[PDB]
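In structure tokens, the next block holds one chain alone, the form deposited in one PDB entry.
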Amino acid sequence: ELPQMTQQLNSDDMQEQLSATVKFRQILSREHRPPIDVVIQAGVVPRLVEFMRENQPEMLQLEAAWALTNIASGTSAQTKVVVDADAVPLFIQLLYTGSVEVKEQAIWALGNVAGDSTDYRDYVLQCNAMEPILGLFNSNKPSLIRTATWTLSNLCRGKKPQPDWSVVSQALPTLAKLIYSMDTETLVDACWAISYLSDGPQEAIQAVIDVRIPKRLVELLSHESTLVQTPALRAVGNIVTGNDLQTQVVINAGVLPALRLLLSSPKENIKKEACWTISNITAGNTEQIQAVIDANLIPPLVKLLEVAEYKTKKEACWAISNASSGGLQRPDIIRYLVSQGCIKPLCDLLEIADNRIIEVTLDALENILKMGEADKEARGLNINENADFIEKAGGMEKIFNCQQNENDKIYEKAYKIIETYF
């Protein structure tokens, strides 16, 4: 069939070209094991990209871009054939000239190209693909905006060499509307693209928050399945990495009563990334700690600090340890923390954790002890009782056995707080 298809593809009859281009697209559209190398070996790729020129008829451009789309969907080497045929600019040209069908066809091929590696993602951006892609979001068909959003997800993607912030930041006003969609497959790609952009310097975190987005990101923290909860939680997770006037805005959209709903989610990664978000909001103003205090988020966090696994207890410790840090301005944060049963899960965490968590757990146990030091001086006492229940849970022995580890910073602190209070 291939020698016939190749001969029919190279015939000067344009109608025979169309019938042959349909056959190539059909065999390249098979669900399993598409003969990409076999048609690449057939030498017909340079003629497929020939069928996407400005002058070529629309039916021929459609079948050609579709066949090239499934060629680029294969190995990173098979995608190299399509880009070395100089096809990416023609894909972008069809985003302007052709109808809705070919536009949905070419935006699919550009998505496979931009998703292979980071150099191809920049190459797509290098050819000014952003302006035509963003213009495609005024159309009607939910499948066109579905494929366009997915391609736009691969454009905001990649972190080893991040996408050009200038050419990519133009898409957030379009993404701000895409979250309001109901098609479950589109908004998932739309949320991931936002989480990819919300990660970076403050030029991006302030940009994401300045375009009306984070209000719905908490509304999509509450969705049916988890396929959308994860990208939206990562989105609101990268927002709190900025300053405290940036985290203050997410708190407005009822983020905290929504984070508790995620703390009991069936998927464990939703539990963990919730604790990672609760960690950074407890690292701002002392009144931003109070937001986490009143939101009833700590009773479930301290039980996570006991029974949950180490990948989730670590981020739960950061949330609890950063919470106790607010005791300098307001010593009652520890007073609220000690009542929820916080000292025992912290102390039992001493033997199972590592250099990086024993550090923050000691910082939590220290700021707890530092509050009780001010409790026995301003208030009439002669014994610091923040150390009374540390060993009631068996913590004084573990902190005394933390002086044996050879890490500098933990020996300097475990030995300092044990002389200061014991």
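So that there is no doubt, residue numbering starts at 1 and follows the sequence shown. Only the largest set of C-alpha atoms that superpose within 1.5 Å between the two forms is called the rigid core.
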Return whichever of 163-171 or 95-103 has the larger RMS Cα deviation from the displayed form in 5 other deposited structures of this protein, where every structure is aligned on the rigid core.
95-103
Do at least a third of the other entries of this protein fail to model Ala64?
no
Looking at the other compared entries that model both neighbours, is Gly372 missing coordinates in at least a third of them?
no
Report the stretch with the higher mean CA temperature factor, choosing between 393-401 and 369-377 on the basis of the entry.
369-377
Comparing 176-184 with 114-122, which has the greater mean CA B-factor as deposited?
176-184
Determine which member of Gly74, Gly200, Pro142, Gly135 has the highest CA B-factor, using the values in the deposited entry.
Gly200
Residue selected from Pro89, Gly98, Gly326, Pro161 by maximal Cα B factor:
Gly326
Chain-relative C-alpha B factor for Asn55 (record values, thirds): the middle
Among the modelled residues of its chain, the C-alpha B-factor of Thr361 falls in the third labelled middle
How does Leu256 rank on Cα B-factor within its chain, lowest, middle or highest third?
middle
Just say lowest, middle or highest third for the CA B-factor of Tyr336 relative to the other modelled residues in its chain.
highest
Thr151: which third of its chain by C-alpha temperature factor?
lowest
